[PDB]
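First up is the structure itself, then whatever we jot down about it.
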Amino acid sequence: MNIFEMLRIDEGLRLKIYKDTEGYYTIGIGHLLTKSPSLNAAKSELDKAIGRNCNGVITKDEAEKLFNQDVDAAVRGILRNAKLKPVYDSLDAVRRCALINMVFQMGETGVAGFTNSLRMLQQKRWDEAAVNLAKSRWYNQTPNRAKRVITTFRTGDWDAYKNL
């Protein structure tokens, strides 16, 4: 399993504009278009993102391209972040994937605010950090996905995703 397959399991694939768990306008493989309430603002972002007139609809191909960009940007963001980089560097390949998934879902900023868990992750206190990560809006709002990611940090392997 790899980062793309893992995220693709968590996010899904929709070729028509849709709403987030959060109510936000999205398309493809979890690509947020706008946090604005108008479908029209969304459409516009969409066409800006793709370089064509899409009329709210994209191809598989366009979805994966956006996905390639998004993943690349998540990793580069982690690398640039003073709070994130040190943790990322300290982790093994599998756990690195779990951080990357959090970053993709919630942005650099959001994750960098998980101060205490980050600390425990750096320290390799897997069980403690899993307990701390669960005490969040993130877990309460998207418990099945949060639990998959959390198991991944706890175990260091891909079993939470085997099922799926």
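If you're wondering about the labels, chains in the structure tokens are A, B, ... by order shown, residues count from 1 in each chain, ligands from 1 in order shown.
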Query - Long-range neighbours of residue A:127 as a ChimeraX atom specification, 8 Å cut-off, only C-alpha atoms, 3 positions minimum in chain - result: /A:130-131,154
**Report entry** All residues 12 Å or closer to residue A:125, only C-alpha atoms, same chain fewer than 5 positions away omitted, as a VMD selection string
**Finding:** chain A and resid 91 116 to 120 130 to 132 153 to 156
Query raised in the report: In terms of the shortest atom-to-atom distance over only C-alpha atoms, which of A:106, A:6, A:71, A:49 is closest to residue A:20?
Result: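 Result for the nearest residue to residue A:20: A:106.
Nearest residue to residue A:57 among A:143, A:28, A:110, A:12 is A:28, counting only C-alpha atoms.
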What's around residue A:11 at 7 Å? Count only C-alpha atoms, leave out sequence neighbours fewer than 3 positions away in its own chain, and write the answer as an mmCIF file with N, CA and C atoms, in the first residue's frame.
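Final output, around_13.cif:
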```cif
data_model
loop_
_atom_site.group_PDB
_atom_site.id
_atom_site.type_symbol
_atom_site.label_atom_id
_atom_site.label_comp_id
_atom_site.auth_asym_id
_atom_site.auth_seq_id
_atom_site.Cartn_x
_atom_site.Cartn_y
_atom_site.Cartn_z
ATOM 1 N N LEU A 7 -4.927 7.331 0.667
ATOM 2 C CA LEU A 7 -5.818 8.512 0.518
ATOM 3 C C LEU A 7 -7.006 8.266 -0.386
ATOM 4 N N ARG A 8 -6.813 7.461 -1.383
ATOM 5 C CA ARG A 8 -7.910 7.217 -2.263
ATOM 6 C C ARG A 8 -9.059 6.439 -1.571
ATOM 7 N N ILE A 29 -10.693 13.512 -5.878
ATOM 8 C CA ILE A 29 -10.213 12.796 -4.723
ATOM 9 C C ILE A 29 -9.904 13.753 -3.545
ATOM 10 N N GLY A 30 -10.972 14.275 -2.957
ATOM 11 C CA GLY A 30 -10.935 15.193 -1.842
ATOM 12 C C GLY A 30 -10.295 16.540 -2.098
#
```
Query raised in the report: Taking the backbone alone, and naming residues the way the document does, which bits of stretch 4-50 of chain A are strand (DSSP E or B) by DSSP, as JSON, numbers by chain?
Result: {"A": [14, 15, 16, 17, 18, 19, 25, 26, 27, 28, 31, 32, 33, 34]}
Report task. Might you pull out every residue within 10 Å of residue A:39, with only C-alpha atoms counted and same-chain residues fewer than 2 positions away left off, and present them as a PyMOL selection string? Result -> chain A and resi 17-19+24-25+33-34+36-37+41-45+56
Saved selection, atoms kept: C-alpha atoms, as a PDB file, in the first residue's frame:
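What ended up in again.pdb:
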```pdb
ATOM      1  CA  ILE A  17     -18.900  18.864  -7.602  1.00  0.00           C
ATOM      2  CA  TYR A  18     -19.931  17.607  -4.197  1.00  0.00           C
ATOM      3  CA  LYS A  19     -20.056  18.732  -0.529  1.00  0.00           C
ATOM      4  CA  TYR A  24     -17.711  22.309   1.523  1.00  0.00           C
ATOM      5  CA  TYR A  25     -17.618  22.208  -2.191  1.00  0.00           C
ATOM      6  CA  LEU A  33     -12.616  23.934  -4.228  1.00  0.00           C
ATOM      7  CA  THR A  34     -13.933  26.665  -1.916  1.00  0.00           C
ATOM      8  CA  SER A  36     -17.924  29.631   0.114  1.00  0.00           C
ATOM      9  CA  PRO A  37     -21.546  28.749  -0.045  1.00  0.00           C
ATOM     10  CA  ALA A  41     -17.876  30.352  -6.718  1.00  0.00           C
ATOM     11  CA  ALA A  42     -17.071  26.609  -6.780  1.00  0.00           C
ATOM     12  CA  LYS A  43     -17.581  26.275 -10.470  1.00  0.00           C
ATOM     13  CA  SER A  44     -15.330  29.103 -11.068  1.00  0.00           C
ATOM     14  CA  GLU A  45     -12.569  27.733  -8.920  1.00  0.00           C
ATOM     15  CA  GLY A  56     -18.961  21.282 -12.670  1.00  0.00           C
TER      16      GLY A  56
END
```
